[PDB]
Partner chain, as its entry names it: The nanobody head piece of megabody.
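A lone chain, given as structure tokens: the form deposited without its partner chain.
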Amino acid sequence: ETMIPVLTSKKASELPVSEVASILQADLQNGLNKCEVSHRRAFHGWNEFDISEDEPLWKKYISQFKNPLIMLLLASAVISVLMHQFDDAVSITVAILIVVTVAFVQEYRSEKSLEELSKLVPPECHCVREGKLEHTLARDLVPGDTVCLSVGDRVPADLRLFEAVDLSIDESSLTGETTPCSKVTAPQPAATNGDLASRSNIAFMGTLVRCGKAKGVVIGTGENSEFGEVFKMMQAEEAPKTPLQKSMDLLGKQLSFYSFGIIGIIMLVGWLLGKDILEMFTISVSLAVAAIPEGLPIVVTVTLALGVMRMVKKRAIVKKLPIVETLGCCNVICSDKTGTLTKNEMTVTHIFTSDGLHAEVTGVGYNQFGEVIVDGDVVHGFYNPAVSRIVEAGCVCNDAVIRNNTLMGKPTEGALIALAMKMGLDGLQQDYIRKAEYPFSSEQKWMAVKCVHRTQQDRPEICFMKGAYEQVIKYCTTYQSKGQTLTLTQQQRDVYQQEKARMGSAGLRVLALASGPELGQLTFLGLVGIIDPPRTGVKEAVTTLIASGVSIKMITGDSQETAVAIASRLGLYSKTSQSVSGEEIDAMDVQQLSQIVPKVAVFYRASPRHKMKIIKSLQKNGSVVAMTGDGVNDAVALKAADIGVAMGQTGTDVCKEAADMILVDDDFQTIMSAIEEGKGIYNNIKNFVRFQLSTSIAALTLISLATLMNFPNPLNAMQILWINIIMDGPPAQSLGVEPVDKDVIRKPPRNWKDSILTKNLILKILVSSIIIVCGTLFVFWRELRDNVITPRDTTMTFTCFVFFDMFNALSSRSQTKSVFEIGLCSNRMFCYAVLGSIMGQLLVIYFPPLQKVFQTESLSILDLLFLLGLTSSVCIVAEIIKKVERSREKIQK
């Protein structure tokens, strides 16, 4: 009954090699035979990730067709086509097709193609079976198999390491940092096994081996591992619906319910009085056509696409419309430190000498830009012997070479090379000829070279060593103070240890340097502080974002000290900020987690599950978080969040393909510009949505009043479709691209639970609809003769409705600002739209085939003057209301 239990990474880490092998029934030397691996694979399945399949585009088209409004429109179309009204039916189906095409384009998936996650997995693996090392695919691996790891070989599964010599594994897939973690074979205590990064005896799937060789026993395959859990979380997580999308859905369902109730009561009251079935069906089709605003989604999609292109011009790639729209009104921003805040380039910032001098080094990156200051004085070359000796020791004893701003070697060594180059000592290494080399190993933690001067070979040999302070100070016997060589005392070691501890508490990496004639008689020069500094201009941008309405959080993969130091540098750890680890996050209840999340801003040692839990807790109380990252765990976090902001030209492909916006030439001012553009687009969307809703309900209630008060249909489906789609479009697009005011880009972001329709907005909409209905009814009653539909009456009604809609759009162009301050032809797009609408109306009135199609007569100059003068009535009362509310605001101020 061979039944292997699932050995977690923690439990395997605690268990020594013998018990792990006994539980897994795995032979460390001879490996597994084919029968046992076949049976285990038959039980545990394959070591493969199933990406599954998506749904075809036609299913999405059908689902978009499944809207209740689309059913109502299709019912109206089928009723029209069943009544020998093929022209009206054709127009209705054309409008329906356009509407669903626009909706599908707007709601089209951004082509995630999330198979990049299943590519940081080796296709082959060097496994040992039946005492023979065989080249097999990783998909054939099973728990209990023995896998040999080499340099450049990607870890194919979770392995319990039992043999390892100087094994450094790149773990930038679960931690997200390119710091090779040393791997050991001894079991780990349960006290330090809280974090994944502390598991030095476990080789995780998807990680790359940088140096050394090792052999491990598989403890997990496929979906029962760390990478498997990450894949499960990514696959089972979908992008939440944006607050804009939720508001649009609520408005649509409310409109559908209202229209259904209205048409039901209209049918009931018509049947109570008694009407012909043909006329009842025609009236029902009329209200069905007038109930659905067809141009609103088209205008929304067009204006959002225009904003997306404008931000693309502003160096911001956008793939989906509503997600960036809700990002424009985001509340919380979470960003990774290693890959987004810091540029992932170790730089020396603090230098401490044996004499006791403290030196601060400016500049970021592997470039000569930057100065070394001591007591406020810039030191160049060999000006200060104390600092110069440390720089020389770090420079000659260095295997790293920096070419055209790209580092080849260890990042800490590159930091020393950059520090030397900033001081003008970039060519010092060529001046010395190395005779003996002692390398940097995880067992020794120190690097030394024996070199003699190139032009002064007859000078005695000088030895330079760098490494950890504890190991370096052993070989140190003397120290230099003010040019004099003094013997090392215990007090000197004490103060050096205190300085090292102080530097370590500030998130700096402590490296010791020493020099002397022979090993064991070396002289200690001092210590250097190496940290990952933030990018340039990042602090000012973060301050600008946090100044108005944004509370920026922080998720960090390093320990508490580095996160605290980075937050203090940015300003997120001033005096009272707290740091919470992932184990604490998973410890308390979700209610306590939601209580503790908003009052903290620093997170250290966070797994992908920890980031997902933090994002869910932030979104639980109601907020629009903006997660930012560049790693696989970061990518999972962005997938969990509604909006995903990635890092361009410096992040992984998985994060780029799993995000929403790609930030080439990574800036935060671009994020601010995107937020301002989103706010302006939301304001314009509200404006033209209000205009379209007012027009739609005005037409609906006008038709209802005409039906109740017993006149025939004034407008058919074709007239309403022509008004809504062809001519009401460009004005709404111009309103969508209306220039923004100085008060829109400012002010804290709005709460996400609000609705587009407000009390004042709906009151103005109702007033405008009532005015339009009264005008249209008066015109129809005046131009009606013996209950006979005259082509002149139809033309007058059409022109009056067109003019009223145009003037309503003009009045709804802006709120609480009138048209005098903004001025006519401010953007000239509204002027072009008005001119086009006027030309189209004139063509409809005068062109003979258009007259025959629309059943309209020819108008005179007097009729045009009458219709122009009567139309401006709504504008006067609109400006009166605007002045009234302006006066109310003035007296309230």
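Positions refer to the first chain, counted from 1.
The protein also exists as the form solved in complex with its partner chain; that form is not presented, and the subsequent description refers to it.
Only one of the listed residues (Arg109, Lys474, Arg746, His380) places a non-hydrogen atom within 4.5 angstroms of its partner chain in the deposited complex, and that residue is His380. When its partner chain is considered in the deposited complex, only one residue from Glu583, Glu130, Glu371, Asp249 comes within 4.5 Å through any heavy atom, namely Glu371. When contacts are judged by a 4.5 Å heavy atom cut-off, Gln619 does not count as touching its partner chain in the deposited complex.
Looking at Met806, you'd find every heavy atom of it more than 4.5 angstroms from its partner chain in the deposited complex.
Remark: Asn683 does not count among the residues lining its partner chain in the deposited complex, judged by a heavy atom distance of 4.5 Å or less. Contact annotation: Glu116 falls outside 4.5 Å of its partner chain in the deposited complex, judged by heavy atom distances. Exactly one of the stretches 95-103, 346-354, 446-454, 241-249 approaches its partner chain in the deposited complex with heavy atoms within 4.5 Å, and it is 346-354. Shown without its partner, the chain has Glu499, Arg502, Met503, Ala506, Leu508 in segment 493-509 as residues with a non-hydrogen atom within 4.5 angstroms of its partner chain in the deposited complex.
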